[PDB]
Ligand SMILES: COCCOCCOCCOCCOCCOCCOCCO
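Given as structure tokens, the chain that follows is alone and in the form solved without this ligand.
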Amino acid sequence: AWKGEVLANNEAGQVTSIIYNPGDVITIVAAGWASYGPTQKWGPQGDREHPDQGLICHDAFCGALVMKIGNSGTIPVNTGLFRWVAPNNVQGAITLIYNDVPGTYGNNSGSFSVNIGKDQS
């Protein structure tokens, strides 16, 4: 199991020690407060009122937690995933990323605390 912080201003994302293999079942829990600029802060689901202006993941709100598995496209994580199985053709190391517009991570603040575990399968 992996546990760590994902900083909102980390454009490259946080690499985990988790390698998703075909058939794996995983659970993720994410908590905390972060911002993509404003003085306010949002949780792992991000800001539901902010328009998508070129987010790295169009399937989640700005300020949400998302992930990549290997060289996949971005996948929404939000508050987390419960005993979750990846789509076929997806496999590799899990990198966690704060959802923002590329090149704009500089003024981000806060972070999410995240646990990732592999479940029984």
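Each residue number is its position in the shown sequence, starting from 1.
Although not depicted, the form deposited with this ligand bound is the subject of the following passage.
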(message) Given the pose of this ligand in the deposited complex, superimposed onto this structure around the site, is the binding site open or blocked (3 or more ligand atoms closer than 2.4 Å to backbone or C-beta atoms counts as blocked)?
(response) open
(message) For the three residues 56, 70 and 97, which mark the spot I'm curious about, does each lie within 4.5 Å of this ligand in the deposited complex through at least one heavy atom?
(response) yes
(request) Taking only heavy atoms into account, state which residues of 27-41 are within 4.5 Å of this ligand in the deposited complex, ordered by sequence. (result) none
